[PDB]
Amino acid sequence: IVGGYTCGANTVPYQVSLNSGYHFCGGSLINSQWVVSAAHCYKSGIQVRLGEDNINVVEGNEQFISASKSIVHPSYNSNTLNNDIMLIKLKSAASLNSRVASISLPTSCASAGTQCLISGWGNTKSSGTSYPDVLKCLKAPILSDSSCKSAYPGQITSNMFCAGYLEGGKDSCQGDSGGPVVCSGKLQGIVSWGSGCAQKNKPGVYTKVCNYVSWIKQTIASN
Ligand SMILES: *C(=O)c1ccc(NC(=N)N)cc1
Ligand SMILES: [Ca+2]
Numbered sequence: 007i008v009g010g011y012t013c014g015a016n017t018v019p020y021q022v023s024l025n026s027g028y029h030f031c032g033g034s035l036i037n038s039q040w041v042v043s044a045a046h047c048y049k050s051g052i053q054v055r056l057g058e059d060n061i062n063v064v065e066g067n068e069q070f071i072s073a074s075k076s077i078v079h080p081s082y083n084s085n086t087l088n089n090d091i092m093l094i095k096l097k098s099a100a101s102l103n104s105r106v107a108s109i110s111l112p113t114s115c116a117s118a119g120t121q122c123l124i125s126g127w128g129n130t131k132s133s134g135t136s137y138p139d140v141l142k143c144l145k146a147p148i149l150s151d152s153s154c155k156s157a158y159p160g161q162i163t164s165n166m167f168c169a170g171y172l173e174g175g176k177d178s179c180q181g182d183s184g185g186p187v188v189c190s191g192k193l194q195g196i197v198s199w200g201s202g203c204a205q206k207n208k209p210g211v212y213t214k215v216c217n218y219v220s221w222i223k224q225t226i227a228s229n
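With positions in the sequence shown counted from 1, the corresponding number in mature numbering (1 follows the signal peptide of the UniProt record, and there is no 0) is that position plus 6.
Listed below in structure tokens is the structure:
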């Protein structure tokens, strides 16, 4: 997160850390056994870490559950990042509590101007490298499709939306990818890509979650 604030331990209970010997992407707990993340976070050997604040210290409240399968969306395209969505099945169910909870899927897409919360343990530096220990947060509005497109001509599909600030100085960045964009309580976006981090006129681009509700439900119901 570039330009965000420390969230406060356990205040974003659906936030997960994808780990393979170090934190590499986030995700969101959408139920006791399934996490949604980005298809580009895919790798084998993933341990899902729930209930984390400081990712370098065991402080209590943590649940380390391995991934039992990851399902990249079948039309995910790595050159464009269209369909940049993946579902992870946990090997056992998580203990949901006040520090580990799931986030609702949307029933409709969010409109421009909606304010959302992006969270992640990604880089905090726009020009440079600085990973945080604790979770960072950033409030950011969904931008109009007009503006999203005029910033990334020819690269925005109908499965993406831009959110953030055109001025620069506030955006998601490397290591935030996979994590959530929550709006009025629902999961509307997945941290997917952008040009640089926090650069003016180059907002963050997000997987459009509402277009995937039926796929998720169907996929989960048969796995
Ligand atoms: C994911 O790690 C990721 C997503 C988005 C960006 N760029 C911007 N938000 N500008 C970087 C890395
Ligand atoms: Ca920890």
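Ideal Cβ placement from N, Cα and C applies to all residues, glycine included.
- Annotation: the stretch 91 to 173 contains the following complete segments of the alpha helix (DSSP H) (minimum length 4 residues), in chain order: 151 to 157.
- As DSSP reads the structure, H29 sits in a beta bridge with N25.
- Here the C-alpha atom of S34 lies approximately 11 Å from the C-alpha atom of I124.
- Contact between the stretch 40 to 60 and the stretch 19 to 32 is present: 3 or more CB-CB pairs across the two stretches fall below 8 Å.
- Looking at the backbone, the Cα of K208 and that of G134 are separated by about 17 Å.
- Short note on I71: C-beta not closer than 7 Å to any heavy atom of ligand 2.
- Within the DSSP bridge table, the entry for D177 names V8 as partners.
- For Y218, the CB contacts under 6 Å within the same chain, skipping 5 residues up- and downstream, are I91 in chain order.
- Counted as a single uninterrupted DSSP element, the beta strand (DSSP E) harbouring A73 occupies residues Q69 to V78.
- Under the Cβ criterion (8 Å, minimum of three pairs), the stretch 181 to 195 counts as touching the stretch 108 to 115.
- Within the same chain, and ignoring the five residues on either side of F167 in sequence, the residues whose Cβ sits closer than 6 Å to its Cβ are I148, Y212 and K214.
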